[PDB]
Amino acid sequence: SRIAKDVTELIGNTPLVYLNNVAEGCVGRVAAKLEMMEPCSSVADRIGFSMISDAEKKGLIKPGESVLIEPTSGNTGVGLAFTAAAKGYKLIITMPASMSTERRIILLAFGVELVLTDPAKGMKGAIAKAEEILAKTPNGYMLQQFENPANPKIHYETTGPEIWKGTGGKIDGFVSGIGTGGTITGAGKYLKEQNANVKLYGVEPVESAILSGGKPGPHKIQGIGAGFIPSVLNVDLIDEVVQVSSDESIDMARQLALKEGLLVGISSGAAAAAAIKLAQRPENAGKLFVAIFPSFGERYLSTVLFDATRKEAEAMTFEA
């Protein structure tokens, strides 16, 4: 046992816990890959560092000399934020003035030069500014979590293995929600390379199931269902696409807290419902599914996920 040179040696090597009370009635088992345990409690912590580490080894960027830029409103902002933090990188994350003031604090806290755009233009208003700021900045650098290959690479070298070596090769199916598609692909390719019978089940919002023939729509399952095929996503690897609604996802994310003591984000719930539904198909008795729980639930107190219990809060008045 030794001391890590810095916060970045702490990335990866996340734990595997079974689902007990929620998997009621399954003939199969479901192990949860807890990315919430990542240093900044998110799976993005892998692509954040990965993409930087990579552009570094390639010699395309150098601390303070280069100026990382990146369009995103989700966790990769944080995964990048703390990696740029320890490695001394000026960072600029573009996102509409819409995203909570908290997701703004967290990056500010990391010295992230967050730049807000028109909260009506959505992602385009962000990427515009993003791209803009790039063409504008001499030594600016666009990471592009959806295009960059370091993304699935990292998953091919760690998440992939971690899962394999975790289940000791007995893994029967890999369940993952598709955001940039990096995880499912990267880690996915590596398992298939260790066993072709391994099944990669893709998960996406029922309300925005594009890989199911459906049309992109808005949903609450924050973190996946980008409404399109990220270049890094290699759909051919997917053996099946399970769809889940923002509602099951939510509910499931809640049962997870009250029955497993796993406080997780709504994307994790969805990945879990998916995994349990599969575990219940008769023909899968005895099989092992590994579902990725992408984030911790504390970074969602200000979201649809907590509105319910949130009233139970402010409302309830003190007792004497």
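Throughout, we count residues from 1 along the sequence that is shown.
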Mean C-alpha B factor from the entry: is it higher for 164-172 or for 119-127? 119-127
Looking at the deposited entry, does 173-181 or 79-87 carry the larger mean Cα B-factor? 79-87
Among the choices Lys33, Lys277, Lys57, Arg254, identify the one whose CA B-factor in the record is greatest. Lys57
Which listed residue, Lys192, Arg104, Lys215, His155, has the largest C-alpha temperature factor in the record? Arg104
Should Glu283 be placed in the lowest, middle or highest third of its chain by the C-alpha B factor in the entry? middle
In terms of the chain's CA B-factor thirds, is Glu65 lowest, middle or highest? highest
If you rank every modelled residue in this chain by C-alpha B factor, which third holds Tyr141: lowest, middle or highest? highest
Could you say whether, by C-alpha temperature factor, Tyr300 belongs to the lowest, middle or highest third of its chain? middle
Within this chain, which third does the Cα B-factor at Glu240 fall in: lowest, middle or highest? middle
